[PDB]
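Colleague: Mind having a look at this structure? Questions to follow.
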Amino acid sequence: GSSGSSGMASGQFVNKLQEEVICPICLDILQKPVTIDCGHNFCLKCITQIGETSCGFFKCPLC
Ligand SMILES: [Zn+2]
Ligand SMILES: [Zn+2]
């Protein structure tokens with residue numbers, strides 16, 4: 001930024017408020033956010049498993 005003290009900085013960073021998507025299963029950032037008919041999204045690494053174990057319908061923890 002811009003302050004009297006040259007070389008160092010007070011400590012303020014401007015940014016915009018936004019929302020982040022995380023997998024409620026593995027609790028980690030999902031590279032590719034795949035939105036399910038349920039509404040929420042998940043990580044392929046996770047969806048892939050559920051899809052197999054369950055072929056008929058899909059169960060969601062958030063829902
Ligand atoms: Zn996951
Ligand atoms: Zn859901």
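Residues in the structure tokens are numbered from 1 in each chain, the chains being A, B, ... in the order shown, and ligands are numbered from 1 in the order shown.
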Hey, which residues come within 8 Å of ligand 1 if we count only C-alpha atoms and all ligand atoms? Could you give them as a list in words?
Modeller: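 Going residue by residue within 8 Å of ligand 1, we get residues 22, 23, 24, 25, 26, 27, 28, 29, 30, 42, 43, 44, 45, 46 and 47 of chain A.
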Colleague: Since we have the selection now, will you write its residues out, keeping N, CA, C and O atoms, as a short mmCIF file (atom, residue, chain, number, x, y, z; two decimals), in the first residue's frame?
Modeller:
data_model
loop_
_atom_site.label_atom_id
_atom_site.label_comp_id
_atom_site.auth_asym_id
_atom_site.auth_seq_id
_atom_site.Cartn_x
_atom_site.Cartn_y
_atom_site.Cartn_z
N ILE A 22 -16.77 -26.39 -0.65
CA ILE A 22 -15.95 -27.45 -0.08
C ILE A 22 -16.74 -28.75 0.04
O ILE A 22 -17.95 -28.74 0.25
N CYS A 23 -16.04 -29.87 -0.10
CA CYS A 23 -16.67 -31.18 -0.01
C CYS A 23 -16.91 -31.57 1.44
O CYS A 23 -15.98 -31.74 2.23
N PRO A 24 -18.19 -31.72 1.81
CA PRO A 24 -18.58 -32.09 3.17
C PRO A 24 -18.22 -33.53 3.51
O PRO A 24 -18.41 -33.99 4.64
N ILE A 25 -17.69 -34.25 2.53
CA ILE A 25 -17.29 -35.64 2.72
C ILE A 25 -15.82 -35.74 3.12
O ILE A 25 -15.49 -36.20 4.21
N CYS A 26 -14.94 -35.31 2.22
CA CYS A 26 -13.50 -35.35 2.47
C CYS A 26 -13.04 -34.07 3.15
O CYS A 26 -11.91 -33.99 3.65
N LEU A 27 -13.91 -33.07 3.17
CA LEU A 27 -13.58 -31.79 3.79
C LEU A 27 -12.37 -31.15 3.12
O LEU A 27 -11.46 -30.67 3.79
N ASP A 28 -12.38 -31.13 1.79
CA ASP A 28 -11.28 -30.55 1.03
C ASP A 28 -11.80 -29.87 -0.24
O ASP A 28 -12.84 -30.26 -0.77
N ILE A 29 -11.08 -28.86 -0.70
CA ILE A 29 -11.46 -28.14 -1.91
C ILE A 29 -11.67 -29.09 -3.08
O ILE A 29 -10.80 -29.90 -3.40
N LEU A 30 -12.82 -28.98 -3.73
CA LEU A 30 -13.14 -29.83 -4.87
C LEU A 30 -12.72 -29.16 -6.18
O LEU A 30 -13.35 -28.19 -6.62
N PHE A 42 -20.15 -31.40 -4.96
CA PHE A 42 -19.21 -32.33 -4.34
C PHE A 42 -17.98 -32.53 -5.22
O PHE A 42 -17.91 -32.00 -6.33
N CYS A 43 -17.02 -33.30 -4.72
CA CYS A 43 -15.80 -33.57 -5.46
C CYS A 43 -15.89 -34.91 -6.19
O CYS A 43 -16.38 -35.90 -5.64
N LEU A 44 -15.40 -34.94 -7.43
CA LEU A 44 -15.43 -36.15 -8.23
C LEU A 44 -14.91 -37.35 -7.43
O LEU A 44 -15.53 -38.41 -7.42
N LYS A 45 -13.78 -37.16 -6.76
CA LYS A 45 -13.18 -38.22 -5.96
C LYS A 45 -14.21 -38.82 -5.01
O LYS A 45 -14.10 -39.99 -4.62
N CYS A 46 -15.21 -38.03 -4.64
CA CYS A 46 -16.26 -38.49 -3.73
C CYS A 46 -17.46 -39.00 -4.52
O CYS A 46 -17.90 -40.14 -4.34
N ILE A 47 -18.00 -38.15 -5.39
CA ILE A 47 -19.15 -38.51 -6.20
C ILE A 47 -18.94 -39.85 -6.89
O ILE A 47 -19.84 -40.69 -6.96
#
Colleague: Mind listing the residues within 6 Å of ligand 2, only C-alpha atoms and all ligand atoms counted, as a list in words?
Modeller: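 So, counting only C-alpha atoms and all ligand atoms, the residues near ligand 2 are residues 38, 39, 40, 60, 62 and 63 of chain A.
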Colleague: Just N, CA and C atoms for this one: save the residues we selected as a PDB file, in the first residue's frame.
Modeller:
ATOM      1  N   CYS A  38     -29.461 -32.635  -6.206  1.00  0.00           N
ATOM      2  CA  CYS A  38     -29.824 -32.335  -4.826  1.00  0.00           C
ATOM      3  C   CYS A  38     -29.711 -30.838  -4.548  1.00  0.00           C
ATOM      4  N   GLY A  39     -28.802 -30.177  -5.259  1.00  0.00           N
ATOM      5  CA  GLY A  39     -28.611 -28.750  -5.075  1.00  0.00           C
ATOM      6  C   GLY A  39     -27.172 -28.395  -4.757  1.00  0.00           C
ATOM      7  N   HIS A  40     -26.602 -29.072  -3.766  1.00  0.00           N
ATOM      8  CA  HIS A  40     -25.222 -28.822  -3.363  1.00  0.00           C
ATOM      9  C   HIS A  40     -24.244 -29.462  -4.345  1.00  0.00           C
ATOM     10  N   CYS A  60     -27.642 -37.284   0.067  1.00  0.00           N
ATOM     11  CA  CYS A  60     -26.779 -36.156   0.395  1.00  0.00           C
ATOM     12  C   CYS A  60     -26.840 -35.840   1.887  1.00  0.00           C
ATOM     13  N   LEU A  62     -25.886 -32.948   3.354  1.00  0.00           N
ATOM     14  CA  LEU A  62     -26.370 -31.586   3.551  1.00  0.00           C
ATOM     15  C   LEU A  62     -27.889 -31.524   3.434  1.00  0.00           C
ATOM     16  N   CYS A  63     -28.423 -32.164   2.399  1.00  0.00           N
ATOM     17  CA  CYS A  63     -29.864 -32.185   2.171  1.00  0.00           C
ATOM     18  C   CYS A  63     -30.598 -32.734   3.391  1.00  0.00           C
TER      19      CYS A  63
END
Colleague: Residues of chain A in alpha helix (DSSP H) according to DSSP, as a PyMOL selection string?
Modeller: chain A and resi 44-53
Colleague: How many Å separate CA of residue 16 in chain A from CA of residue 34 in chain A?
Modeller: 24.2 Å
Colleague: One decimal, Å: what's the distance from CA of residue 50 in chain A over to CA of residue 21 in chain A, could you say?
Modeller: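 Straight-line distance from CA of residue 50 in chain A to CA of residue 21 in chain A works out to 18.7 Å.
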Colleague: Interatomic distance between CA of residue 36 in chain A and CA of residue 58 in chain A?
Modeller: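 So the answer is 8.9 Å.
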Colleague: Taking the backbone alone, and naming residues the way the document does, which bits of chain A are strand (DSSP E) by DSSP, as an mmCIF file with N, CA and C atoms, in the first residue's frame?
Modeller:
data_model
loop_
_atom_site.group_PDB
_atom_site.id
_atom_site.type_symbol
_atom_site.label_atom_id
_atom_site.label_comp_id
_atom_site.auth_asym_id
_atom_site.auth_seq_id
_atom_site.Cartn_x
_atom_site.Cartn_y
_atom_site.Cartn_z
ATOM 1 N N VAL A 34 -19.009 -30.432 -9.031
ATOM 2 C CA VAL A 34 -20.100 -31.074 -9.754
ATOM 3 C C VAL A 34 -21.414 -30.950 -8.992
ATOM 4 N N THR A 35 -22.265 -30.030 -9.436
ATOM 5 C CA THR A 35 -23.555 -29.810 -8.796
ATOM 6 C C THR A 35 -24.502 -30.977 -9.051
ATOM 7 N N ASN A 41 -22.957 -29.198 -4.148
ATOM 8 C CA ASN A 41 -21.923 -29.747 -5.017
ATOM 9 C C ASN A 41 -20.997 -30.678 -4.239
ATOM 10 N N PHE A 42 -20.151 -31.402 -4.964
ATOM 11 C CA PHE A 42 -19.213 -32.331 -4.343
ATOM 12 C C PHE A 42 -17.983 -32.533 -5.224
#
